[PDB]
Every structure is written in structure tokens, then in C-alpha cells.
Amino acid sequence: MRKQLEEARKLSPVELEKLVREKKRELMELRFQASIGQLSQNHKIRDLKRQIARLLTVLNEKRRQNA
RNA sequence: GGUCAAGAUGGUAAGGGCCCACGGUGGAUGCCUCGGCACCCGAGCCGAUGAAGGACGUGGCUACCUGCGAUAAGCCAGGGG
């Protein structure tokens, strides 16, 4: 989702904040899943993690730019 | 053909001995390497932006060899293909 790279570019303080937070929760959802759907899940897990990771890469970039 | 006195030699293995055949355990080993070792050139500083060096982690499903460490089979940007 290079596109997601984009949204990223887009948001800022409280934004990225709750974005990555909620998303994170999402992956939690996954954690839960650890014994249900599973099969097509796989990716929600790996990628989702990579995604939120990005989320952080950004926050860093932005507020870093700041202070 | 039968009886007796005499003499001389024969095969008969439980196992074993030399030989031949055919196995088994044992790895010599001929060769063969992502491994050393030797010389020469290249190279020569790491650390509190808490390093060298490790403890416990993560890989959907992993004790372990791996790479990261809590953003953890990795996110970012540019160089390469």
C-alpha cells in the first residue's frame, strides 16, 4: 500500500496518534483471531504490523522534524 | 559252505587344525570439498547519539542456526536491478 505511504504523508498529531492506535487495536483483533478465520488472516497480521510500523516511522519523521 | 586259532588293516567327530567359497560387525581409505594454514597487497580504529559483549523476545503455525527487538521472516528515503 504505497498509497498508505501516502495517507501517512497526510495525517499529523492526534491524527496519526489515534490512527496507529486504533489500527493497532485492529491487529489486536487479529491476536484474538489466533484460532478462528486464520487462513486468509495471515496477511492481516504480517502486513498490518508492517503498516502500523510505518505509522510509527512517520510520527518519528514529523515530530522529529519538529524537535 | 560252516565252525575255531592266528595275523594285518578300515570307516565311523562332540569339537578342533591348514585350505576355498560365501556373509556380518570395523572403517582403512582413493578421491573429493562452501575449512584451515603460509606469504604478499589491501585495510587499521570501537565507546555513552551508553560500544565491544550478552540476557529475555518476534517471525500464522517455530526448541533450534538467522536477522531484527516491542514499530522485532523487519518501517523510511535515496543509490543499484
# chains A, B, ... in the order shown; residues from 1 in each chain; ligands from 1
$ interface_residues --of "chain B" --to "chain A" --cutoff "8 Å" --atoms "only C-alpha atoms (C1' of nucleotides)" --output "list in words"
residues 60, 71, 75 and 76 of chain B
$ atom_distance --atom1 "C1' of residue 45 (chain B)" --atom2 "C1' of residue 79 (chain B)"
27.3 Å
$ residues_around --residues "residue 17 (chain A)" --least-positions-apart "3" --cutoff "12 Å" --atoms "only C-alpha atoms (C1' of nucleotides)" --output "list in words"
residues 8, 11, 12, 13, 14, 20, 21, 22, 23, 24, 52, 55, 56, 58, 59, 60, 62 and 63 of chain A
$ write_last_selection --atoms "N, CA and C atoms" --output "PDB file, in the first residue's frame"
ATOM      1  N   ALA A   8      -0.367   8.417   5.053  1.00  0.00           N
ATOM      2  CA  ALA A   8       0.656   8.671   6.041  1.00  0.00           C
ATOM      3  C   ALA A   8       1.076  10.095   5.831  1.00  0.00           C
ATOM      4  N   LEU A  11      -1.779  12.586   7.340  1.00  0.00           N
ATOM      5  CA  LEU A  11      -2.098  12.946   8.737  1.00  0.00           C
ATOM      6  C   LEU A  11      -0.979  13.554   9.623  1.00  0.00           C
ATOM      7  N   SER A  12      -1.333  13.989  10.848  1.00  0.00           N
ATOM      8  CA  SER A  12      -0.370  14.633  11.776  1.00  0.00           C
ATOM      9  C   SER A  12      -0.452  14.335  13.329  1.00  0.00           C
ATOM     10  N   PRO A  13      -0.463  15.355  14.245  1.00  0.00           N
ATOM     11  CA  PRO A  13      -0.515  14.955  15.663  1.00  0.00           C
ATOM     12  C   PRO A  13      -1.541  13.922  16.137  1.00  0.00           C
ATOM     13  N   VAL A  14      -2.586  14.384  16.820  1.00  0.00           N
ATOM     14  CA  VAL A  14      -3.601  13.468  17.340  1.00  0.00           C
ATOM     15  C   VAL A  14      -4.071  12.500  16.266  1.00  0.00           C
ATOM     16  N   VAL A  20      -2.799   5.114  14.293  1.00  0.00           N
ATOM     17  CA  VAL A  20      -1.964   3.983  14.606  1.00  0.00           C
ATOM     18  C   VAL A  20      -2.538   3.304  15.825  1.00  0.00           C
ATOM     19  N   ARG A  21      -3.033   4.055  16.798  1.00  0.00           N
ATOM     20  CA  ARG A  21      -3.606   3.393  17.963  1.00  0.00           C
ATOM     21  C   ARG A  21      -4.732   2.419  17.586  1.00  0.00           C
ATOM     22  N   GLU A  22      -5.768   2.927  16.940  1.00  0.00           N
ATOM     23  CA  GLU A  22      -6.915   2.153  16.517  1.00  0.00           C
ATOM     24  C   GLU A  22      -6.492   1.013  15.647  1.00  0.00           C
ATOM     25  N   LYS A  23      -5.686   1.309  14.639  1.00  0.00           N
ATOM     26  CA  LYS A  23      -5.180   0.278  13.740  1.00  0.00           C
ATOM     27  C   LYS A  23      -4.561  -0.843  14.586  1.00  0.00           C
ATOM     28  N   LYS A  24      -3.706  -0.436  15.513  1.00  0.00           N
ATOM     29  CA  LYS A  24      -3.045  -1.339  16.429  1.00  0.00           C
ATOM     30  C   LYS A  24      -4.129  -2.220  17.032  1.00  0.00           C
ATOM     31  N   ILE A  52       1.327  -0.450  10.625  1.00  0.00           N
ATOM     32  CA  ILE A  52       1.435   0.338  11.838  1.00  0.00           C
ATOM     33  C   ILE A  52       2.879   0.771  12.055  1.00  0.00           C
ATOM     34  N   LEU A  55       3.398   3.697  10.374  1.00  0.00           N
ATOM     35  CA  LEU A  55       2.743   4.721  11.217  1.00  0.00           C
ATOM     36  C   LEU A  55       3.759   5.370  12.144  1.00  0.00           C
ATOM     37  N   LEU A  56       4.477   4.508  12.835  1.00  0.00           N
ATOM     38  CA  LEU A  56       5.494   4.991  13.733  1.00  0.00           C
ATOM     39  C   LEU A  56       6.653   5.675  12.989  1.00  0.00           C
ATOM     40  N   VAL A  58       6.667   7.302  10.512  1.00  0.00           N
ATOM     41  CA  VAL A  58       6.208   8.648  10.251  1.00  0.00           C
ATOM     42  C   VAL A  58       6.204   9.504  11.480  1.00  0.00           C
ATOM     43  N   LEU A  59       5.359   9.172  12.451  1.00  0.00           N
ATOM     44  CA  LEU A  59       5.308  10.024  13.624  1.00  0.00           C
ATOM     45  C   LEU A  59       6.702  10.532  13.895  1.00  0.00           C
ATOM     46  N   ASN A  60       7.652   9.599  13.830  1.00  0.00           N
ATOM     47  CA  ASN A  60       9.046   9.927  14.059  1.00  0.00           C
ATOM     48  C   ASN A  60       9.448  10.990  13.087  1.00  0.00           C
ATOM     49  N   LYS A  62       7.849  13.203  11.368  1.00  0.00           N
ATOM     50  CA  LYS A  62       7.203  14.512  11.619  1.00  0.00           C
ATOM     51  C   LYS A  62       7.589  15.257  12.886  1.00  0.00           C
ATOM     52  N   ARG A  63       7.299  14.641  14.020  1.00  0.00           N
ATOM     53  CA  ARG A  63       7.574  15.331  15.253  1.00  0.00           C
ATOM     54  C   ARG A  63       9.075  15.475  15.452  1.00  0.00           C
TER      55      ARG A  63
END
$ select_by_dssp --residues "region 8-64 of chain A" --states "helix (DSSP H, G or I)" --output "count of residues only"
47
$ closest_residue --among "B:59, B:2, B:23, B:53" --to "residue 74 (chain B)" --atoms "only C-alpha atoms (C1' of nucleotides)"
B:59
$ atom_distance --atom1 "CA of residue 1 (chain A)" --atom2 "CA of residue 47 (chain A)"
9.5 Å
$ decode --residues "region 54-70 of chain B" --atoms "N, CA and C atoms (P, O5', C5', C4', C3', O3' and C1' of nucleotides)" --output "PDB file, in the first residue's frame"
ATOM      1  P     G B  54      28.792 -12.269  22.400  1.00  0.00           P
ATOM      2  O5'   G B  54      28.098 -13.059  23.598  1.00  0.00           O
ATOM      3  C5'   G B  54      26.679 -13.171  23.693  1.00  0.00           C
ATOM      4  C4'   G B  54      26.227 -12.731  25.062  1.00  0.00           C
ATOM      5  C3'   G B  54      24.759 -12.909  25.365  1.00  0.00           C
ATOM      6  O3'   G B  54      24.487 -14.238  25.748  1.00  0.00           O
ATOM      7  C1'   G B  54      25.419 -10.778  26.094  1.00  0.00           C
ATOM      8  P     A B  55      23.038 -14.853  25.456  1.00  0.00           P
ATOM      9  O5'   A B  55      22.072 -14.188  26.552  1.00  0.00           O
ATOM     10  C5'   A B  55      22.137 -14.603  27.925  1.00  0.00           C
ATOM     11  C4'   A B  55      21.061 -13.939  28.782  1.00  0.00           C
ATOM     12  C3'   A B  55      19.630 -13.985  28.292  1.00  0.00           C
ATOM     13  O3'   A B  55      19.044 -15.164  28.759  1.00  0.00           O
ATOM     14  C1'   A B  55      20.139 -11.803  28.949  1.00  0.00           C
ATOM     15  P     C B  56      18.253 -16.078  27.746  1.00  0.00           P
ATOM     16  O5'   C B  56      16.815 -15.401  27.673  1.00  0.00           O
ATOM     17  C5'   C B  56      15.871 -15.593  28.720  1.00  0.00           C
ATOM     18  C4'   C B  56      14.805 -14.533  28.653  1.00  0.00           C
ATOM     19  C3'   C B  56      13.942 -14.526  27.401  1.00  0.00           C
ATOM     20  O3'   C B  56      12.784 -15.309  27.632  1.00  0.00           O
ATOM     21  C1'   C B  56      14.828 -12.381  27.747  1.00  0.00           C
ATOM     22  P     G B  57      11.834 -15.722  26.407  1.00  0.00           P
ATOM     23  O5'   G B  57      11.601 -14.388  25.566  1.00  0.00           O
ATOM     24  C5'   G B  57      10.906 -14.439  24.314  1.00  0.00           C
ATOM     25  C4'   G B  57      10.549 -13.046  23.827  1.00  0.00           C
ATOM     26  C3'   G B  57      10.000 -13.009  22.406  1.00  0.00           C
ATOM     27  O3'   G B  57       8.582 -13.136  22.409  1.00  0.00           O
ATOM     28  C1'   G B  57      11.813 -11.503  22.593  1.00  0.00           C
ATOM     29  P     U B  58       7.879 -14.203  21.438  1.00  0.00           P
ATOM     30  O5'   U B  58       7.924 -13.504  20.005  1.00  0.00           O
ATOM     31  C5'   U B  58       7.064 -12.407  19.684  1.00  0.00           C
ATOM     32  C4'   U B  58       7.354 -11.905  18.286  1.00  0.00           C
ATOM     33  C3'   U B  58       7.239 -12.942  17.178  1.00  0.00           C
ATOM     34  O3'   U B  58       5.910 -12.978  16.646  1.00  0.00           O
ATOM     35  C1'   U B  58       9.353 -11.900  17.059  1.00  0.00           C
ATOM     36  P     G B  59       4.933 -14.232  16.967  1.00  0.00           P
ATOM     37  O5'   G B  59       5.369 -15.384  15.943  1.00  0.00           O
ATOM     38  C5'   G B  59       6.718 -15.514  15.504  1.00  0.00           C
ATOM     39  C4'   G B  59       6.882 -14.841  14.170  1.00  0.00           C
ATOM     40  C3'   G B  59       6.606 -15.667  12.927  1.00  0.00           C
ATOM     41  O3'   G B  59       5.182 -15.837  12.684  1.00  0.00           O
ATOM     42  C1'   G B  59       8.640 -14.418  12.667  1.00  0.00           C
ATOM     43  P     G B  60       4.285 -14.646  12.030  1.00  0.00           P
ATOM     44  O5'   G B  60       2.875 -15.304  11.770  1.00  0.00           O
ATOM     45  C5'   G B  60       1.699 -14.686  12.235  1.00  0.00           C
ATOM     46  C4'   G B  60       0.660 -15.733  12.363  1.00  0.00           C
ATOM     47  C3'   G B  60       1.271 -16.940  13.030  1.00  0.00           C
ATOM     48  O3'   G B  60       1.189 -16.818  14.431  1.00  0.00           O
ATOM     49  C1'   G B  60       0.123 -17.608  11.068  1.00  0.00           C
ATOM     50  P     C B  61       2.087 -17.771  15.338  1.00  0.00           P
ATOM     51  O5'   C B  61       1.780 -19.212  14.744  1.00  0.00           O
ATOM     52  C5'   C B  61       0.662 -19.975  15.178  1.00  0.00           C
ATOM     53  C4'   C B  61       0.829 -21.390  14.712  1.00  0.00           C
ATOM     54  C3'   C B  61       2.271 -21.841  14.844  1.00  0.00           C
ATOM     55  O3'   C B  61       2.582 -22.259  16.160  1.00  0.00           O
ATOM     56  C1'   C B  61       1.557 -22.274  12.658  1.00  0.00           C
ATOM     57  P     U B  62       3.671 -21.435  17.003  1.00  0.00           P
ATOM     58  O5'   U B  62       4.874 -22.459  17.173  1.00  0.00           O
ATOM     59  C5'   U B  62       6.132 -22.029  17.668  1.00  0.00           C
ATOM     60  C4'   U B  62       7.240 -22.740  16.936  1.00  0.00           C
ATOM     61  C3'   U B  62       8.641 -22.379  17.392  1.00  0.00           C
ATOM     62  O3'   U B  62       9.007 -23.173  18.509  1.00  0.00           O
ATOM     63  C1'   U B  62       8.543 -22.466  15.015  1.00  0.00           C
ATOM     64  P     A B  63       9.856 -22.510  19.689  1.00  0.00           P
ATOM     65  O5'   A B  63      10.396 -23.736  20.551  1.00  0.00           O
ATOM     66  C5'   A B  63      10.934 -23.530  21.861  1.00  0.00           C
ATOM     67  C4'   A B  63      12.284 -24.199  21.993  1.00  0.00           C
ATOM     68  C3'   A B  63      13.416 -23.560  21.197  1.00  0.00           C
ATOM     69  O3'   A B  63      14.133 -22.633  22.023  1.00  0.00           O
ATOM     70  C1'   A B  63      13.225 -25.842  20.618  1.00  0.00           C
ATOM     71  P     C B  64      15.130 -21.553  21.360  1.00  0.00           P
ATOM     72  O5'   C B  64      15.887 -22.361  20.213  1.00  0.00           O
ATOM     73  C5'   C B  64      16.727 -23.467  20.534  1.00  0.00           C
ATOM     74  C4'   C B  64      17.298 -24.093  19.282  1.00  0.00           C
ATOM     75  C3'   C B  64      18.063 -23.128  18.415  1.00  0.00           C
ATOM     76  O3'   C B  64      19.350 -22.952  18.939  1.00  0.00           O
ATOM     77  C1'   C B  64      16.777 -24.569  17.051  1.00  0.00           C
ATOM     78  P     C B  65      20.168 -21.659  18.525  1.00  0.00           P
ATOM     79  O5'   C B  65      20.474 -21.907  16.986  1.00  0.00           O
ATOM     80  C5'   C B  65      21.751 -22.361  16.594  1.00  0.00           C
ATOM     81  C4'   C B  65      22.073 -21.872  15.218  1.00  0.00           C
ATOM     82  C3'   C B  65      21.722 -20.433  14.882  1.00  0.00           C
ATOM     83  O3'   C B  65      22.658 -19.464  15.294  1.00  0.00           O
ATOM     84  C1'   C B  65      21.071 -21.797  13.110  1.00  0.00           C
ATOM     85  P     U B  66      22.377 -17.912  14.963  1.00  0.00           P
ATOM     86  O5'   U B  66      21.583 -17.898  13.569  1.00  0.00           O
ATOM     87  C5'   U B  66      22.265 -17.713  12.317  1.00  0.00           C
ATOM     88  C4'   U B  66      21.660 -16.563  11.532  1.00  0.00           C
ATOM     89  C3'   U B  66      21.235 -15.371  12.368  1.00  0.00           C
ATOM     90  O3'   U B  66      22.362 -14.583  12.802  1.00  0.00           O
ATOM     91  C1'   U B  66      19.428 -16.005  11.008  1.00  0.00           C
ATOM     92  P     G B  67      22.967 -13.401  11.881  1.00  0.00           P
ATOM     93  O5'   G B  67      21.821 -12.286  11.810  1.00  0.00           O
ATOM     94  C5'   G B  67      21.766 -11.362  10.719  1.00  0.00           C
ATOM     95  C4'   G B  67      20.397 -10.719  10.628  1.00  0.00           C
ATOM     96  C3'   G B  67      20.027  -9.730  11.718  1.00  0.00           C
ATOM     97  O3'   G B  67      20.526  -8.434  11.423  1.00  0.00           O
ATOM     98  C1'   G B  67      18.186 -11.162  11.271  1.00  0.00           C
ATOM     99  P     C B  68      20.410  -7.278  12.528  1.00  0.00           P
ATOM    100  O5'   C B  68      19.188  -6.373  12.065  1.00  0.00           O
ATOM    101  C5'   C B  68      18.579  -5.477  12.990  1.00  0.00           C
ATOM    102  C4'   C B  68      17.106  -5.782  13.108  1.00  0.00           C
ATOM    103  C3'   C B  68      16.461  -5.413  14.442  1.00  0.00           C
ATOM    104  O3'   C B  68      16.021  -4.040  14.440  1.00  0.00           O
ATOM    105  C1'   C B  68      15.866  -7.638  13.801  1.00  0.00           C
ATOM    106  P     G B  69      16.411  -3.033  15.663  1.00  0.00           P
ATOM    107  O5'   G B  69      15.483  -3.491  16.875  1.00  0.00           O
ATOM    108  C5'   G B  69      14.072  -3.380  16.767  1.00  0.00           C
ATOM    109  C4'   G B  69      13.400  -4.098  17.901  1.00  0.00           C
ATOM    110  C3'   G B  69      13.785  -3.660  19.304  1.00  0.00           C
ATOM    111  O3'   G B  69      12.965  -2.589  19.799  1.00  0.00           O
ATOM    112  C1'   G B  69      13.619  -6.048  19.142  1.00  0.00           C
ATOM    113  P     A B  70      12.349  -1.488  18.798  1.00  0.00           P
ATOM    114  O5'   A B  70      11.174  -2.270  18.066  1.00  0.00           O
ATOM    115  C5'   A B  70      10.680  -3.478  18.621  1.00  0.00           C
ATOM    116  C4'   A B  70       9.352  -3.252  19.282  1.00  0.00           C
ATOM    117  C3'   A B  70       9.267  -2.076  20.246  1.00  0.00           C
ATOM    118  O3'   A B  70       9.026  -0.870  19.498  1.00  0.00           O
ATOM    119  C1'   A B  70       8.385  -4.019  21.271  1.00  0.00           C
TER     120        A B  70
END
